[PDB]
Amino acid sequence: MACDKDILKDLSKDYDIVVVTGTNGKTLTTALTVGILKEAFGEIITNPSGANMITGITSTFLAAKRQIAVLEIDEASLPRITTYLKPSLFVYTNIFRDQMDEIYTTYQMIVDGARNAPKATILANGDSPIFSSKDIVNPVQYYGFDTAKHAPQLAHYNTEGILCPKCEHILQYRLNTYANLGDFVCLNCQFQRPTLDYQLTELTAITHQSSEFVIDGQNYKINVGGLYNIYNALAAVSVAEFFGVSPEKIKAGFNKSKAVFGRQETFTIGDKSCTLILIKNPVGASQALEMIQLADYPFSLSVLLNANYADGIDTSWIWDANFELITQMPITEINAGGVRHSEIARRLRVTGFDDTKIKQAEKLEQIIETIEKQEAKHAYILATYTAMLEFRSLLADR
């Protein structure tokens, strides 16, 4: 339907509209935001997982009959969709390179989109230097991590987007979470992270499978590891606080809705307790490694690398992942697997990890047999998309 533009102009008039956009965390932030606001305001209109273009958005308003809508919107669609919709609130999760790919082009798309509703507030991730790069017409509030600071340090040399947008010197960090996010500061000019309106002030307990943290004087717990879930939680809590929802209602809503983060993917092979983790890019893989580094037990590590259509043919990205972390982990033994068993074993040897404890397997079946016969009770498996499907499929045959 070309006339989807006419349905939106019509049906969207009678809603207070929140738009969630950015590179990553759009779906999870939207879902948790909907869960929390429901506790305060009852039924909330929202789009299915990933249905974040003109069609998915139009269909969402078509299923509904002074109400709130929280919509995930594809960055590229936003400038168009906001000539039809007039959102009251924009949430910016983050801005990172499309990996296939210019960050300031995808950024200009969401700046243009919000510019079309110049009175709407933007709630942005203050930890992203991109979100302080431009004079913005809309009113802006910022959320981020306001935990203990250290002296300015460079981010890891493989980090993207670390040039000062004002003076073209290299930014440093008094706190770095992942990628280019944190308490950024230019040592050459005045540019630095703005004062945060919404503050994660303490990390209480961060484990391989959970996190507890304080946002604006209240405690939250999620039953999944990894920093990116803490940002998605921070963003959703910030929206609820902007909407004036009470601390007691945010907690009740948070606890009922946090299952939308899912759980780590756990199963057993014989008497071994196993966790399977999808890897597809340098920042993601590096964050998986930092998470499993927190495990309070010895484990085997299996890395399964395929290069099929659905994985991406390119495996050069493993060289940018922080596999050097494996020398600072309680790892008993390493299995190198997938079709590219040879390249991933070479990538792990080059860390300086004992090469007598790195073993290639030509068949995923042999990885499973090796894990069943291993001494350590725990096994972690990091796999590309197709390696993960074949691995789950072989487990299903037992």
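Residues carry their position along the shown sequence, with the first being 1.
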**Request:** Count up the deposited residues without coordinates from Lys65 to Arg66 and drop the result into none, 1 to 3, 4 to 9, or 10 or more.
**Result:** 4 to 9
**Request:** For the stretch from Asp101 to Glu102, please bin the deposited residues that the model skips: none, 1 to 3, 4 to 9, or 10 or more.
**Result:** 1 to 3
**Message:** Using only C-alpha atoms and the B-factors in the entry, which stretch averages higher, 256 to 264 or 164 to 172?
**Reply:** 256 to 264
**Prompt:** Between 234 to 242 and 104 to 112, which has the higher average C-alpha B-factor in the PDB entry?
**Reply:** 104 to 112
**Message:** In terms of recorded Cα temperature factor, pick the maximum from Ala179, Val303, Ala321, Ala307.
**Reply:** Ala307
**Prompt:** What's the residue among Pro298, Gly284, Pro87, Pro129 with the greatest CA temperature factor in the PDB record?
**Reply:** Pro87
**Prompt:** In terms of the CA temperature factor given in the entry, to which third of its chain does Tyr380 belong: lowest, middle or highest?
**Reply:** lowest
**Request:** Would you check the entry's CA temperature factor for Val137 and let me know if it's in the chain's lowest, middle or highest third?
**Result:** highest
**Request:** Compare the C-alpha B factor of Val185 with those of the other modelled residues in its chain, then answer lowest, middle or highest third.
**Result:** lowest
**Prompt:** In terms of the chain's CA B-factor thirds, is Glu343 lowest, middle or highest?
**Reply:** lowest
**Asked** What third of its chain, lowest, middle or highest, does the C-alpha temperature factor of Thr327 fall into?
**Response** lowest
